[PDB]
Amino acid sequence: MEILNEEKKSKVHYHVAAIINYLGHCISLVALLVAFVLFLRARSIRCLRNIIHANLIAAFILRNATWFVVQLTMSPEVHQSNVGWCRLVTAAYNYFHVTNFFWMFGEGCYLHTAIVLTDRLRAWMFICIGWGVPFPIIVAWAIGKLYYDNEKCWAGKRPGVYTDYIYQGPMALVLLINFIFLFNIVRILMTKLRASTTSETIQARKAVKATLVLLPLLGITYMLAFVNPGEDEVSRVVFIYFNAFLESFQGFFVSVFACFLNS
């Protein structure tokens, strides 16, 4: 009946979201690639600070790149086959997702250390945290997937399985620690270093302002996941559109953030 017309209306709105999401991911991938080449061209690439920015940008390029291949695993036929390359694509994507968190954690470690302790060797510590710590977490998550949830290409969601906590809880922990770092940086900068005009101090203040700007921008989408908004047609159209814009332009936001700090 007109119920069927109601169903056809929903598919059109979902299809608009999909165009938002593809176009956003394309734009973001190109923005990150431009930032990457700009960072590498400069002779300031040998600073420990730019090494961290470059690895962070690289991490986001791989994640945004593999997002396209994930789209090819979302076909219902493939989703249910649980073929081997299906699960490998999901696991690579979660790994890159995790590297994104730990590299943002790495940036916070640098800024806390830079203002308290007066480059190519020290970088290995950040490469080992950004790239190396997530690998065993993902393997562990994979062993758990292999053994308690071997379905739906490991992108399944079923209540009562907490396998994903293997990788999601580490994510939350490094964000907790990054909040402690930000309070101490702010406290340090407000009490001591209030009159300090060292180059590290000016850059630290520029960081604190940018970080404060970015934190709301990235945070809405993480909370919005838990919203469970409702069935208002107006609420649905905007909720899906606004959230699709925010998830899909995240890489673009991070590329402005990194380039700005380069100054």
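Just count from 1 along the sequence shown to find any residue number.
A chain break between residue 118 and residue 119 is present, corresponding to 1 to 3 residues of the deposited sequence without coordinates. Between 54 to 62 and 205 to 213, the higher mean Cα B-factor belongs to 205 to 213. When 156 to 164 is weighed against 107 to 115, 156 to 164 comes out higher, by mean CA B-factor as recorded in the entry. Considering 35, 69, 195, 27 together, the PDB entry gives 195 the largest C-alpha B factor. Ranked by C-alpha B-factor against the other modelled residues of its chain, residue 41 falls in the highest third. Ranked by C-alpha B-factor against the other modelled residues of its chain, residue 249 falls in the middle third. In this PDB entry, the Cα temperature factor of residue 93 sits in the bottom third of its chain's modelled residues, the lowest group. Ranked against the other modelled residues of its chain, the C-alpha B-factor of residue 101 as given in the entry falls in the lowest third. Sort the chain's modelled residues by C-alpha temperature factor and residue 148 lands in the highest third, per the entry.
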